[PDB]
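Just one chain follows, in the form deposited in one PDB entry, and it is written as structure tokens.
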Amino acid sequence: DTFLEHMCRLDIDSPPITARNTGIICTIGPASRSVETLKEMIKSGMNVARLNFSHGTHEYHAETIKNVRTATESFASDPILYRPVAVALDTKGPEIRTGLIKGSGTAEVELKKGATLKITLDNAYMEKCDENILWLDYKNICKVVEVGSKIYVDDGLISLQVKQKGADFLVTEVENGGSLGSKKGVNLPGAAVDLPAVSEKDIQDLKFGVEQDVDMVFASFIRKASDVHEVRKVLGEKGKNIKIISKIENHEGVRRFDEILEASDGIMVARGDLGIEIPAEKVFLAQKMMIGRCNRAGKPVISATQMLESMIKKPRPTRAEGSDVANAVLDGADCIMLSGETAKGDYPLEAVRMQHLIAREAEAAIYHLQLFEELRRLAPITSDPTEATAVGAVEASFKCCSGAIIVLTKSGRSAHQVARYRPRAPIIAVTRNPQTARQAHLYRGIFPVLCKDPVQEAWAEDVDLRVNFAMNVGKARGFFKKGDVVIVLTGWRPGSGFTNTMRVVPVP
């Protein structure tokens, strides 16, 4: 009825009645590139393998994608239970990274409050940083910094405000402290950055991605719409179909968020990079704002970083990491991302699993019909057949309590359009295009299904075969039973430009 009536009526001992609508992106690192580790991850809800090109070589990310695909297709033998799994390339982007401190890639020299540390960029101490003296990537720091500007190191625990500029060197106080350590990153919040959004390394990484048939790019440190356009002209014609997800990692990208969203296929909210750049008492508005617009606009949005970073080293998360994530789902994020817990973890399965749990359970508190009616209200009058067919399909899904909204697409477009409006019922997307099954996982509520059957002489016949596919899938995965109802969205005629037929059909 009311939103409040709907929170009051929640029952913690009622069962999970929904299957899980929000997607899980896992970051694949040393702890999760074994094929066996990944088979389990896929079995515990992984849907997108993130590769962080901020660290490592090409032969290594290619081994990593080979094991992801080895595990993903161990399931292929029975295409009903087969879960697609997408590969995501997260670019490096305009980073600043520290040296090796002693000559060693595993050291940490422990800075002390009040102490003094000279930044050098003498290209000499590239691997000699100790307690004083410190080397950096950014050649032109001595230009955008000023005598008081604050510099954060590692994800941010080690802080320090400069006292002495230079032209070659720089010297500074230490508010905070801790460990320095090696190959760490540096932030310069509230300080300009003349690094390009696409370095020549990031160009090479993108093109690699095209060669490897990745399904999405996570473009780092996007600040303005030219940065998106560059990523796409690199991906070029060969990767006009790769989805670009801009990462909002600084204040500008929030300020310039609308034009970033125009140019991009979806948005990643990097909550930690933000909670360094802008005061933290405000990230959570930014997130909420940036999710809502991505929902007005029916573009995926990914909530990321500092999710369960206590499952790097405990097998069970703080009850407030739990609440953090479960509220990202409620704000209407499309997907959730794990960085350290699945990459460097001592318990990566435990994290993937807990994430599926938390997120299944947050949908108990989604008021699905308020969402829908708000998102319909806010939709424009279109002359798009496929848009109107989606809206009707969702109305109907609510007046039946549809078990599903079976949607046949090659594009993926038409299953996206239906999910735009947040049906409570799951969208079973039936495709023959393995790229579209992998990319579908971005969009909340799409359960992609990959048909491998050959195309039939008579298209009528063909449609029935795909739809019956989807219905054995639903019966099996548990979404419904004989004699329930579904919406089915198809074309009338082959090579109809659009998905313009809705049938309200009882499960057989």
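Numbers follow the displayed sequence, beginning with 1.
The same protein also exists as the form deposited with a small molecule bound; that form is not shown, yet it is the one meant from here on.
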Of these, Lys224, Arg353, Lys344, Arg83, which has a heavy atom no more than 4.5 Å from the small molecule in the entry with it bound? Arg83
The small molecule isn't shown here, but in the entry with it bound, which of 468-476, 30-38, 441-449, 59-67 has heavy atoms within 4.5 Å of it? 441-449
With a cut-off of 4.5 Å between heavy atoms, is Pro426 one of the residues that contacts the small molecule in the entry with it bound? yes
